[PDB]
>>> print(open('entry_14.cif').read())   # mmCIF, N, CA, C and O atoms and all ligand atoms
data_input
loop_
_atom_site.label_atom_id
_atom_site.label_comp_id
_atom_site.auth_asym_id
_atom_site.auth_seq_id
_atom_site.Cartn_x
_atom_site.Cartn_y
_atom_site.Cartn_z
N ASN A 26 0.82 -1.25 0.00
CA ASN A 26 0.00 0.00 0.00
C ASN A 26 0.84 1.28 0.00
O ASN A 26 0.37 2.35 0.40
N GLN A 27 2.09 1.15 -0.44
CA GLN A 27 2.96 2.30 -0.67
C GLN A 27 2.87 2.70 -2.14
O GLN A 27 2.82 1.84 -3.02
N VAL A 28 2.84 4.01 -2.39
CA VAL A 28 2.84 4.51 -3.76
C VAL A 28 4.03 5.44 -4.01
O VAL A 28 4.45 6.18 -3.13
N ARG A 29 4.60 5.36 -5.21
CA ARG A 29 5.60 6.34 -5.60
C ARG A 29 5.00 7.26 -6.66
O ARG A 29 4.51 6.80 -7.67
N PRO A 30 4.99 8.57 -6.38
CA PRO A 30 4.41 9.51 -7.34
C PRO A 30 5.38 9.81 -8.48
O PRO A 30 6.58 9.93 -8.22
N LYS A 31 4.87 9.91 -9.71
CA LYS A 31 5.64 10.40 -10.86
C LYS A 31 6.23 11.77 -10.53
O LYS A 31 5.71 12.49 -9.68
N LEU A 32 7.32 12.14 -11.21
CA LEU A 32 8.09 13.32 -10.84
C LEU A 32 7.32 14.64 -10.69
O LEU A 32 7.52 15.34 -9.70
N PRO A 33 6.47 15.00 -11.67
CA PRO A 33 5.76 16.26 -11.48
C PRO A 33 4.88 16.27 -10.21
O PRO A 33 4.83 17.28 -9.50
N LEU A 34 4.21 15.15 -9.93
CA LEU A 34 3.41 15.06 -8.72
C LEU A 34 4.29 15.08 -7.47
O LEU A 34 3.95 15.73 -6.49
N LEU A 35 5.42 14.38 -7.53
CA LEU A 35 6.35 14.40 -6.41
C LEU A 35 6.80 15.83 -6.09
O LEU A 35 6.88 16.23 -4.91
N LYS A 36 7.07 16.62 -7.13
CA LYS A 36 7.45 18.02 -6.95
C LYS A 36 6.36 18.83 -6.23
O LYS A 36 6.66 19.65 -5.37
N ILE A 37 5.11 18.57 -6.60
CA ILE A 37 3.97 19.20 -5.94
C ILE A 37 3.90 18.85 -4.44
O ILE A 37 3.75 19.73 -3.58
N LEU A 38 4.05 17.57 -4.13
CA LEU A 38 3.98 17.11 -2.74
C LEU A 38 5.07 17.73 -1.89
O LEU A 38 4.81 18.20 -0.79
N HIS A 39 6.30 17.75 -2.42
CA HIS A 39 7.41 18.39 -1.72
C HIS A 39 7.19 19.88 -1.48
O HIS A 39 7.60 20.41 -0.44
N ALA A 40 6.54 20.55 -2.42
CA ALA A 40 6.28 21.98 -2.31
C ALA A 40 5.32 22.26 -1.15
O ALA A 40 5.32 23.36 -0.60
N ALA A 41 4.53 21.26 -0.79
CA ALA A 41 3.56 21.37 0.30
C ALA A 41 4.11 20.87 1.63
O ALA A 41 3.37 20.82 2.62
N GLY A 42 5.38 20.49 1.65
CA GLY A 42 6.06 20.08 2.88
C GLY A 42 6.33 18.59 3.05
O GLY A 42 6.88 18.18 4.08
N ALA A 43 5.97 17.78 2.06
CA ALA A 43 6.24 16.35 2.11
C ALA A 43 7.74 16.06 2.04
O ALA A 43 8.50 16.83 1.44
N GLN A 44 8.15 14.98 2.68
CA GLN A 44 9.55 14.54 2.65
C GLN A 44 9.63 13.14 2.07
O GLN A 44 8.73 12.32 2.27
N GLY A 45 10.71 12.86 1.35
CA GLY A 45 10.94 11.53 0.82
C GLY A 45 10.17 11.30 -0.46
O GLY A 45 9.65 12.25 -1.05
N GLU A 46 10.07 10.06 -0.89
CA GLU A 46 9.37 9.81 -2.14
C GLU A 46 8.44 8.60 -2.18
O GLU A 46 7.89 8.28 -3.23
N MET A 47 8.27 7.96 -1.03
CA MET A 47 7.30 6.88 -0.86
C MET A 47 6.21 7.38 0.07
O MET A 47 6.52 7.97 1.11
N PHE A 48 4.95 7.16 -0.29
CA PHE A 48 3.84 7.67 0.50
C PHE A 48 2.67 6.70 0.56
O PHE A 48 2.56 5.80 -0.26
N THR A 49 1.80 6.90 1.54
CA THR A 49 0.48 6.30 1.50
C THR A 49 -0.41 7.24 0.70
O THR A 49 -0.12 8.44 0.60
N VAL A 50 -1.49 6.71 0.14
CA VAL A 50 -2.45 7.53 -0.60
C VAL A 50 -3.03 8.63 0.30
O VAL A 50 -3.26 9.76 -0.15
N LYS A 51 -3.25 8.31 1.57
CA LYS A 51 -3.70 9.28 2.57
C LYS A 51 -2.75 10.47 2.70
O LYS A 51 -3.19 11.63 2.78
N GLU A 52 -1.45 10.19 2.70
CA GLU A 52 -0.43 11.23 2.75
C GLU A 52 -0.47 12.08 1.49
O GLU A 52 -0.37 13.31 1.56
N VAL A 53 -0.62 11.42 0.34
CA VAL A 53 -0.66 12.10 -0.96
C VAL A 53 -1.81 13.10 -0.99
O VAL A 53 -1.61 14.27 -1.33
N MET A 54 -2.99 12.66 -0.57
CA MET A 54 -4.17 13.53 -0.50
C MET A 54 -4.00 14.66 0.51
O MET A 54 -4.40 15.80 0.27
N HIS A 55 -3.39 14.35 1.66
CA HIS A 55 -3.10 15.37 2.65
C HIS A 55 -2.24 16.50 2.06
O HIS A 55 -2.58 17.68 2.17
N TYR A 56 -1.12 16.13 1.44
CA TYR A 56 -0.20 17.12 0.92
C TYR A 56 -0.74 17.87 -0.30
O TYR A 56 -0.44 19.04 -0.48
N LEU A 57 -1.54 17.19 -1.13
CA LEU A 57 -2.20 17.87 -2.24
C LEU A 57 -3.17 18.93 -1.74
O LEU A 57 -3.25 20.02 -2.29
N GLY A 58 -3.89 18.60 -0.67
CA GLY A 58 -4.78 19.57 -0.04
C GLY A 58 -4.00 20.76 0.49
O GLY A 58 -4.38 21.91 0.28
N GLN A 59 -2.89 20.48 1.17
CA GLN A 59 -2.04 21.54 1.69
C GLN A 59 -1.44 22.42 0.58
O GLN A 59 -1.33 23.64 0.73
N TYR A 60 -1.09 21.80 -0.55
CA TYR A 60 -0.58 22.51 -1.72
C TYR A 60 -1.61 23.51 -2.23
O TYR A 60 -1.29 24.68 -2.47
N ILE A 61 -2.84 23.04 -2.39
CA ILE A 61 -3.93 23.92 -2.80
C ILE A 61 -4.08 25.11 -1.85
O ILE A 61 -4.28 26.25 -2.30
N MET A 62 -3.94 24.86 -0.55
CA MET A 62 -4.05 25.93 0.43
C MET A 62 -2.88 26.92 0.37
O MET A 62 -3.11 28.13 0.31
N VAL A 63 -1.65 26.42 0.35
CA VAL A 63 -0.47 27.31 0.30
C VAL A 63 -0.34 28.11 -1.01
O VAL A 63 0.12 29.25 -1.00
N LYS A 64 -0.77 27.51 -2.13
CA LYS A 64 -0.71 28.16 -3.45
C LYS A 64 -1.94 29.02 -3.74
O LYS A 64 -2.03 29.64 -4.81
N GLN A 65 -2.88 29.06 -2.80
CA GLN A 65 -4.11 29.86 -2.90
C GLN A 65 -4.94 29.50 -4.13
O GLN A 65 -5.41 30.38 -4.83
N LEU A 66 -5.12 28.20 -4.39
CA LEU A 66 -5.84 27.79 -5.59
C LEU A 66 -7.34 27.62 -5.33
O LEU A 66 -8.12 27.52 -6.26
N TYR A 67 -7.72 27.60 -4.06
CA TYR A 67 -9.13 27.46 -3.68
C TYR A 67 -9.90 28.75 -3.93
O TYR A 67 -9.30 29.83 -3.98
N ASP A 68 -11.22 28.65 -4.08
CA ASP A 68 -12.10 29.82 -4.10
C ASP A 68 -12.66 30.06 -2.69
O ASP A 68 -13.46 29.27 -2.18
N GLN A 69 -12.24 31.17 -2.08
CA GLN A 69 -12.67 31.52 -0.73
C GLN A 69 -14.18 31.74 -0.61
O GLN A 69 -14.76 31.46 0.44
N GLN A 70 -14.81 32.22 -1.68
CA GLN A 70 -16.26 32.50 -1.69
C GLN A 70 -17.14 31.35 -2.19
O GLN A 70 -18.35 31.34 -1.96
N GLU A 71 -16.52 30.41 -2.91
CA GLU A 71 -17.21 29.23 -3.44
C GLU A 71 -16.31 28.06 -3.12
O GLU A 71 -15.62 27.52 -4.00
N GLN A 72 -16.31 27.67 -1.84
CA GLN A 72 -15.31 26.75 -1.30
C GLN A 72 -15.43 25.31 -1.77
O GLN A 72 -14.89 24.41 -1.15
N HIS A 73 -16.14 25.08 -2.86
CA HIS A 73 -16.05 23.78 -3.51
C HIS A 73 -15.07 23.81 -4.67
O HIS A 73 -14.62 22.77 -5.12
N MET A 74 -14.73 25.01 -5.15
CA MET A 74 -13.93 25.14 -6.37
C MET A 74 -12.43 25.27 -6.16
O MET A 74 -11.98 25.97 -5.26
N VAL A 75 -11.67 24.55 -6.99
CA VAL A 75 -10.22 24.71 -7.07
C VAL A 75 -9.90 25.22 -8.48
O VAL A 75 -10.36 24.64 -9.47
N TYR A 76 -9.15 26.31 -8.56
CA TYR A 76 -8.78 26.89 -9.84
C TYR A 76 -7.30 26.66 -10.07
O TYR A 76 -6.45 27.41 -9.60
N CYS A 77 -7.01 25.57 -10.78
CA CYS A 77 -5.66 25.04 -10.92
C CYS A 77 -5.02 25.37 -12.27
O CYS A 77 -3.85 25.03 -12.50
N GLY A 78 -5.76 26.03 -13.16
CA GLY A 78 -5.22 26.38 -14.48
C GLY A 78 -3.99 27.27 -14.34
O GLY A 78 -3.99 28.18 -13.52
N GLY A 79 -2.94 26.99 -15.10
CA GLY A 79 -1.69 27.77 -14.99
C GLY A 79 -0.78 27.41 -13.82
O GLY A 79 0.26 28.04 -13.60
N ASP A 80 -1.20 26.41 -13.06
CA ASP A 80 -0.36 25.78 -12.05
C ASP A 80 -0.02 24.39 -12.58
O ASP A 80 -0.78 23.83 -13.37
N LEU A 81 1.10 23.84 -12.13
CA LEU A 81 1.47 22.48 -12.50
C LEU A 81 0.37 21.47 -12.18
O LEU A 81 0.20 20.47 -12.89
N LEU A 82 -0.40 21.73 -11.12
CA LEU A 82 -1.52 20.85 -10.78
C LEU A 82 -2.55 20.78 -11.90
O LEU A 82 -3.03 19.70 -12.24
N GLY A 83 -2.89 21.95 -12.47
CA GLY A 83 -3.77 22.01 -13.63
C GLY A 83 -3.24 21.27 -14.83
O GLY A 83 -4.00 20.63 -15.56
N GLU A 84 -1.93 21.34 -15.03
CA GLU A 84 -1.30 20.62 -16.12
C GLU A 84 -1.47 19.10 -15.96
O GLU A 84 -1.84 18.41 -16.90
N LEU A 85 -1.27 18.61 -14.74
CA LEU A 85 -1.47 17.18 -14.45
C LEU A 85 -2.92 16.73 -14.61
O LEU A 85 -3.18 15.63 -15.11
N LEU A 86 -3.85 17.57 -14.19
CA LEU A 86 -5.27 17.25 -14.31
C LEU A 86 -5.79 17.41 -15.73
O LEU A 86 -6.81 16.81 -16.10
N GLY A 87 -5.11 18.24 -16.52
CA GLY A 87 -5.62 18.64 -17.83
C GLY A 87 -6.87 19.50 -17.68
O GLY A 87 -7.78 19.43 -18.50
N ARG A 88 -6.91 20.30 -16.61
CA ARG A 88 -8.08 21.11 -16.31
C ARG A 88 -7.73 22.50 -15.81
O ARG A 88 -6.68 22.71 -15.20
N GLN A 89 -8.61 23.45 -16.08
CA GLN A 89 -8.50 24.78 -15.51
C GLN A 89 -9.03 24.82 -14.08
O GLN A 89 -8.62 25.66 -13.28
N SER A 90 -9.98 23.93 -13.78
CA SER A 90 -10.71 23.97 -12.53
C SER A 90 -11.23 22.60 -12.20
O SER A 90 -11.39 21.76 -13.10
N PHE A 91 -11.51 22.36 -10.92
CA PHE A 91 -12.33 21.21 -10.55
C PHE A 91 -13.11 21.50 -9.28
O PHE A 91 -12.76 22.41 -8.53
N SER A 92 -14.17 20.74 -9.06
CA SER A 92 -14.97 20.88 -7.85
C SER A 92 -14.71 19.70 -6.92
O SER A 92 -14.64 18.56 -7.35
N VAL A 93 -14.60 19.99 -5.62
CA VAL A 93 -14.42 18.94 -4.62
C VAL A 93 -15.69 18.12 -4.44
O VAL A 93 -15.67 17.07 -3.79
N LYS A 94 -16.79 18.58 -5.05
CA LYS A 94 -18.02 17.79 -5.08
C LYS A 94 -17.95 16.65 -6.08
O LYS A 94 -18.79 15.73 -6.06
N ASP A 95 -16.97 16.70 -6.99
CA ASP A 95 -16.77 15.62 -7.95
C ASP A 95 -15.29 15.25 -8.02
O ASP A 95 -14.54 15.80 -8.84
N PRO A 96 -14.86 14.32 -7.16
CA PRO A 96 -13.45 13.93 -7.12
C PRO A 96 -12.96 13.14 -8.33
O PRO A 96 -11.76 12.89 -8.42
N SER A 97 -13.85 12.75 -9.25
CA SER A 97 -13.44 11.89 -10.38
C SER A 97 -12.20 12.35 -11.16
O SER A 97 -11.27 11.56 -11.35
N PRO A 98 -12.16 13.62 -11.61
CA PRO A 98 -10.96 14.04 -12.37
C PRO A 98 -9.65 13.95 -11.56
O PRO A 98 -8.60 13.57 -12.11
N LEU A 99 -9.71 14.31 -10.29
CA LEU A 99 -8.56 14.23 -9.41
C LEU A 99 -8.15 12.78 -9.21
O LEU A 99 -6.98 12.43 -9.32
N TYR A 100 -9.12 11.92 -8.92
CA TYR A 100 -8.80 10.52 -8.69
C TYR A 100 -8.25 9.83 -9.94
O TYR A 100 -7.38 8.97 -9.82
N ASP A 101 -8.75 10.22 -11.11
CA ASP A 101 -8.23 9.70 -12.39
C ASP A 101 -6.78 10.12 -12.59
O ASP A 101 -5.96 9.31 -13.07
N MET A 102 -6.46 11.37 -12.25
CA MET A 102 -5.09 11.87 -12.32
C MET A 102 -4.19 11.04 -11.40
O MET A 102 -3.08 10.65 -11.78
N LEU A 103 -4.68 10.77 -10.19
CA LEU A 103 -3.88 10.05 -9.20
C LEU A 103 -3.62 8.62 -9.65
O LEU A 103 -2.51 8.10 -9.45
N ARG A 104 -4.61 7.99 -10.27
CA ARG A 104 -4.44 6.64 -10.81
C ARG A 104 -3.32 6.58 -11.84
O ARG A 104 -2.55 5.61 -11.87
N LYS A 105 -3.22 7.63 -12.65
CA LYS A 105 -2.20 7.71 -13.70
C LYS A 105 -0.82 8.12 -13.19
O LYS A 105 0.19 7.83 -13.83
N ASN A 106 -0.79 8.80 -12.05
CA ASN A 106 0.45 9.41 -11.56
C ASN A 106 1.03 8.75 -10.32
O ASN A 106 2.01 9.24 -9.75
N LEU A 107 0.41 7.66 -9.89
CA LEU A 107 0.90 6.91 -8.75
C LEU A 107 1.24 5.49 -9.14
O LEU A 107 0.49 4.84 -9.88
N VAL A 108 2.38 5.02 -8.64
CA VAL A 108 2.87 3.68 -8.87
C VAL A 108 2.70 2.92 -7.55
O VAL A 108 3.29 3.31 -6.55
N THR A 109 1.88 1.87 -7.55
CA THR A 109 1.63 1.11 -6.33
C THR A 109 2.58 -0.08 -6.22
O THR A 109 2.56 -0.97 -7.06
N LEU A 110 3.39 -0.09 -5.17
CA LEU A 110 4.32 -1.18 -4.95
C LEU A 110 3.68 -2.27 -4.09
O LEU A 110 2.78 -2.00 -3.29
N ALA A 111 4.15 -3.50 -4.28
CA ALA A 111 3.68 -4.64 -3.49
C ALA A 111 4.33 -4.64 -2.11
O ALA A 111 5.52 -4.32 -1.97
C1 LIG A 201 -11.17 28.20 2.23
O1 LIG A 201 -11.50 27.54 1.00
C2 LIG A 201 -11.35 26.17 1.00
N1 LIG A 201 -11.01 25.49 2.13
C3 LIG A 201 -10.88 24.15 2.08
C4 LIG A 201 -11.10 23.48 0.87
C5 LIG A 201 -10.98 21.98 0.79
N2 LIG A 201 -12.02 21.29 0.65
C6 LIG A 201 -11.62 19.92 0.63
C7 LIG A 201 -10.29 19.98 0.77
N3 LIG A 201 -9.90 21.24 0.87
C8 LIG A 201 -8.53 21.76 1.04
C9 LIG A 201 -7.64 20.88 1.96
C10 LIG A 201 -7.86 22.07 -0.33
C11 LIG A 201 -9.73 18.57 0.74
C12 LIG A 201 -8.86 18.34 -0.53
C13 LIG A 201 -7.74 17.49 -0.49
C14 LIG A 201 -6.97 17.28 -1.66
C15 LIG A 201 -7.32 17.90 -2.87
CL1 LIG A 201 -6.36 17.64 -4.33
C16 LIG A 201 -8.45 18.73 -2.92
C17 LIG A 201 -9.20 18.95 -1.75
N4 LIG A 201 -10.98 17.80 0.59
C18 LIG A 201 -11.02 16.33 0.59
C19 LIG A 201 -12.01 15.77 1.64
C20 LIG A 201 -11.25 15.60 -0.73
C21 LIG A 201 -11.40 14.20 -0.69
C22 LIG A 201 -11.61 13.49 -1.86
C23 LIG A 201 -11.65 14.18 -3.08
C24 LIG A 201 -11.50 15.57 -3.12
CL2 LIG A 201 -11.57 16.44 -4.63
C25 LIG A 201 -11.30 16.29 -1.94
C26 LIG A 201 -12.11 18.56 0.52
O2 LIG A 201 -13.28 18.25 0.37
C27 LIG A 201 -11.44 24.20 -0.26
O3 LIG A 201 -11.67 23.53 -1.45
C28 LIG A 201 -12.02 24.31 -2.61
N5 LIG A 201 -11.57 25.53 -0.16
#
>>> encode(input="entry_14.cif", output="structure tokens")
Amino acid sequence: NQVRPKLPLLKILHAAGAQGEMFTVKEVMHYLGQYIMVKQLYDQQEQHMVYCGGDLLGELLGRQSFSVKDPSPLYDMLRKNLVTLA
């Protein structure tokens, strides 16, 4: 249940304070949330929206925006960008 993130995602996690390069999925989600907070990508007035266009996160998602009410695009990105070790 350890995952290794592809390099661009790893860079994002480190930017949010993560250390090392092996993580649990729980850790990955924690640090991604923290990244969104530190980079000010959330909408303060519409707190379901993340505006990730023009950030590396948007590049990974292939999106300008996503809603936390629909985790599908984020989870699809994570499936593609995480390597699960035995
Ligand atoms: C002050 O404004 C404000 N404050 C807080 C939020 C917010 N809300 C949720 C979260 N945060 C922050 C930690 C980013 C986390 C979360 C974690 C990782 C990602 Cl990559 C995206 C969201 N999260 C979990 C519970 C989560 C779990 C599964 C899927 C998703 Cl998309 C999000 C929410 O719901 C917010 O969102 C727009 N806006």
>>> residues_near_ligand(input="entry_14.cif", ligand="ligand LIG 201 (chain A)", cutoff="12 Å", atoms="only C-alpha atoms and all ligand atoms", output="PyMOL selection string")
chain A and resi 34+37-38+41+50-77+82-83+85-86+90-103
>>> select_by_dssp(input="entry_14.cif", residues="range 26-101 of chain A", states="helix (DSSP H, G or I)", output="JSON, numbers by chain")
{"A": [32, 33, 34, 35, 36, 37, 38, 39, 40, 50, 51, 52, 53, 54, 55, 56, 57, 58, 59, 60, 61, 62, 63, 81, 82, 83, 84, 85, 86, 97, 98, 99, 100, 101]}
>>> select_by_dssp(input="entry_14.cif", residues="chain A", states="strand (DSSP E)", output="ChimeraX atom specification")
/A:27-30,74-76,90-92,107-110
>>> atom_distance(input="entry_14.cif", atom1="atom N of residue 88 in chain A", atom2="atom O of residue 110 in chain A")
27.7 Å
>>> atom_distance(input="entry_14.cif", atom1="CA of residue 84 in chain A", atom2="CA of residue 36 in chain A")
12.9 Å
>>> closest_residue(input="entry_14.cif", among="A:26, A:47, A:31, A:87", to="residue 107 in chain A", atoms="all atoms listed in the file")
A:31
>>> atom_distance(input="entry_14.cif", atom1="atom C of residue 81 in chain A", atom2="CA of residue 33 in chain A")
7.5 Å
>>> closest_residue(input="entry_14.cif", among="A:104, A:80, A:89, A:49", to="residue 27 in chain A", atoms="all atoms listed in the file")
A:49
